[PDB]
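Peer 1: To start, I am sharing the structure in question, which I have written as structure tokens.
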Amino acid sequence: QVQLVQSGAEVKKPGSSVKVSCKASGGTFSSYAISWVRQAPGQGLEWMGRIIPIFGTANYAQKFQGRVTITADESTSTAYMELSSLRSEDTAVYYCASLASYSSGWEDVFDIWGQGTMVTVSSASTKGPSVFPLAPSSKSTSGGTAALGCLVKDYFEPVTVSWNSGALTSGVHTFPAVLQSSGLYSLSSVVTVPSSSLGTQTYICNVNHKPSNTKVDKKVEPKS
Amino acid sequence: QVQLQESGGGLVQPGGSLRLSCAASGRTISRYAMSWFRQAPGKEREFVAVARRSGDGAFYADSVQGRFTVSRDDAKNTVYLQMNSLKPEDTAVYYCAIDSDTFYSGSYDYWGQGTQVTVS
Amino acid sequence: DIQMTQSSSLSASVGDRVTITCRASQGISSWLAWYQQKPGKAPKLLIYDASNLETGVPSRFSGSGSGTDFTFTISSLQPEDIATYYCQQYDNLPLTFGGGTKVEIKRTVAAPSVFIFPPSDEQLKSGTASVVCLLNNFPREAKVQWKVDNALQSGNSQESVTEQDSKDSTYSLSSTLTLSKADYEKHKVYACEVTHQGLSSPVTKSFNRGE
Amino acid sequence: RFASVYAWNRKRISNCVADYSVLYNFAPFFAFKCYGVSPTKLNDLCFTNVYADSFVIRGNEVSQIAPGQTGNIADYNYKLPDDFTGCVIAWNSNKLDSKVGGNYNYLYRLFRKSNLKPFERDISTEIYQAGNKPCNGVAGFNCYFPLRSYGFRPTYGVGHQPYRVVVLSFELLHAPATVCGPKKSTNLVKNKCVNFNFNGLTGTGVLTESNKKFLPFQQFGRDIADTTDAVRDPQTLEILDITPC
Ligand SMILES: *[C@@H]1O[C@H](CO)[C@@H](O)[C@H](O)[C@H]1NC(C)=O
């Protein structure tokens, strides 16, 4: 039995060096071989390199040599990965998987995979979000349904936007991660609710940002 | 994006059909096939008929026995029929669409307007 | 160098048969694998030899082909097939993967729920304005444009489309305009008109200075 | 896919027709050596069982695949018996197994606690003990990982290129036989001097209905000096006596 666990997420400046590793749990470090593969947002999987802890043989992709360095040991039983002079384009999630081509007539496929290490590059730092509600007009009601909005901007990166303390989930429209020119991200959630409830029933939108450990709750109100 | 509009009517007697007179605008719809589908309560879209460029009339499914012969006149970007007006069983809502593959017969639809109908 | 091309997006209903191929420039010596993967998650290996399935995957998944060609196949789709699949080459050391074919559970089309709301005073008093247009529960393609002061404008809003809804295979396009308070007060009417693969016309919704 | 020289694959072939012509007429089989049997005669023989062992090794290292040889492979990975009868077939596999600085899945044992016995196979990869120092983890001189990979690079020459090998081991006693070749049977002749080929046993003599009680598990009978005195037909199972004309 074999299973892998990777490190947590990381965030650093461009042009610096980022360090990441994966534990060679299960089986043994001698009967195990590790290989790193990149997956960029909007792209498939892409190879970074391979390392056999017991044989010590390592290699890289024809476009990441020097930029990427790979190392491993047995005292810790993990493959070390270091990416130097990282560009702003290096914002991606890196995977550490088992290299099956190491032993006994298997081939170069990955039977066991880790979770994933998200490495992001931006000029901003970890800080809380800015949140504000919507303000629809009464005549916006249509077909017994009305929209309610809750927006988040200037945040740095998971932001959980929930409605009615998370008790509402029908009709949830959410943004994917979109970054602004100032190096900051944004996320907004909008829901569809009965129109007759707007003004009669109380609804509230909440936001949470775990990295900075902060919460924001705001009340939405129509206006005319 | 492309525009598709709806026209029809002309209830003379309960003969059994749907007076599709779809029309289009803003695209050379002669490059694509024009089709139409039906939607019954709790039923997926079923291929009813298509106005192919073969010129031999319409290709339709067995669900419509003898009541649809859709045809086109691309010089006016409009559909035309020859069957009777309507009947209760054919009052189900309808949708008129074009196939987005160049001269193909496979279904990948962009549809337009529609309205409701009823007859004794 | 060796490369491949999967051939990109599919849609199928439970029960039907689907086939996908990843072409290449030079004959791969049957050294090709295929993975299952939710977009942005750890993949799961299904096929590692062209004609041998791994332990744990049912026989529903299959594959065929040899040499400079291959064809991955699902004998019958099921709701658990909401994910992308990646063709992988391992004939030589410079490992490369495919772009990833994505098959979506197919529930037929539906009209969108279109909406709008102007910005609140909380947004306005900060020197900026924003207007969110909405498309809910509708395939994926769509577009939004604006006609402030009755004239056409474009290239000032952020369009973002949500991943497929597993309940009805629909999508959701949530978009937002963002401009200055000066741009807000300059025009006598702010308007969103929504276009969509299915819609009767550009759905016009607008507001004025006060409201 | 072919297995490594260690933990080699083994497939038992029984109860079928062996058409060795389609095997000999293959072009890439650049090396085809048989012991105790001639390839041209395979189609006329019948055996009690057939075992096919497959693996991949270096190019010139194939010279170690033979009876009573010495070397890393022949001593610690795969050793053929001294009385081996069968065939050793090898062909180049550069178009299949070679990768530039890769192909680690093929490995062989360099050292072992003792010489491997004929047709033995050690699946375990435990680290050899050095003796002069305790070895529970990785260590130096003698406690190195016993396996090491070829790493077949296309730049290597024929002396280190990957060669795919399969050894066909035949058992050639006269017990229930089931892997005969494509030879066709002929109606039996009795009471006449006839040349016979009974399930591989070829000879001359007159065939007569037997009167001795063969036990249900017996197939042949012998007089003094290994002289086949009787045989049972592989078709109707009737016992027949053989007498020289
Ligand atoms: C073999 O076939 C022959 C003729 O078809 C038949 O007479 C004989 O009984 C068969 N023997 C066995 C063992 O099936």
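Residue positions begin at 1 at the first shown residue.
Header entry for method reads electron microscopy, 3.3 Å.
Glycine too: its Cβ is placed from the backbone N, Cα and C atoms.
Dumping what Swiss-Prot says about this protein:
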type: DISULFID; residues: D:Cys34-D:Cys87; note: disulfide bond
type: DISULFID; residues: D:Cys46-D:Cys180; note: disulfide bond
type: DISULFID; residues: D:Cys135-D:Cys143; note: disulfide bond
type: DISULFID; residues: D:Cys193-D:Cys245; note: disulfide bond
type: REGION; residues: D:103-111; note: region 'Immunodominant HLA epitope recognized by the CD8+'
type: REGION; residues: D:174-196; note: region 'Disordered'
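Give me the local environment of each listed feature.
Peer 2: DSSP classifies D:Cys87 (disulfide bond) as strand under the three-state reduction.
Packing around D:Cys180 (disulfide bond) is summarised by its Cβ count: 18 other Cβ atoms lie within 10 angstroms of its Cβ, all protein chains included.
The Cβ neighbour count for D:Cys135 (disulfide bond), using a 10 Å radius and every protein chain shown, is 16.
Sequence-distant contacts of D:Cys193 (disulfide bond), defined as residues of its own chain at least six apart whose C-beta falls under 8 angstroms from its C-beta, comprise D:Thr204, D:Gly205, D:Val206, D:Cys245.
Residue counts for the region 'Disordered' (D:174-196) under DSSP (helix as H, G, I; strand as E, B; rest coil) come to 0 helix, 4 strand, 19 coil.
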Peer 1: Within a 10 Å radius around the Cβ, which one of these disulfide-bonded residues has the most neighbouring Cβ atoms: D:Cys34, D:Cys87, D:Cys143?
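Peer 2: Ranked by Cβ atoms within 10 Å, first place goes to D:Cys87.
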Peer 1: Which one, from the disulfide-bonded residues D:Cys46, D:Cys245, has the smallest tally of other C-beta atoms lying within 10 Å of its C-beta?
Peer 2: D:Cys245
Peer 1: Which of the three DSSP states, helix, strand or coil, fits D:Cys34 (disulfide bond)?
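Peer 2: Strand, per DSSP.
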Peer 1: Specify the nearest of the disulfide-bonded residues D:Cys34, D:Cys87, D:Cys180 to D:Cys143 (disulfide bond), where nearness means the distance between Cα atoms.
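Peer 2: Closest by Cα: D:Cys87.
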Peer 1: Measuring Cα to Cα, tell me the gap between D:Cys87 (disulfide bond) and D:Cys46 (disulfide bond) in whole angstrom.
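Peer 2: Distance (Cα to Cα, whole Å): 15 Å.
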Peer 1: Would you list the DSSP helix, strand and coil counts for the residues of the region 'Immunodominant HLA epitope recognized by the CD8+' (D:103-111)?
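Peer 2: So the region 'Immunodominant HLA epitope recognized by the CD8+' (D:103-111) is made up of 0 helix, 3 strand, 6 coil.
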Peer 1: Quick one: pull the CA-CA distance for D:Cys46 (disulfide bond) versus D:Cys135 (disulfide bond), whole Å only.
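Peer 2: Cα of D:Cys46 (disulfide bond) to Cα of D:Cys135 (disulfide bond) measures 51 Å after rounding.
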Peer 1: Cα of D:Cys135 (disulfide bond) to Cα of D:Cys34 (disulfide bond): how many Å, rounded?
Peer 2: 44
Peer 1: For D:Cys34 (disulfide bond) and D:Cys180 (disulfide bond), what Cα-Cα distance in Å is obtained after rounding to a whole number?
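Peer 2: Their Cα atoms are separated by 17 Å.
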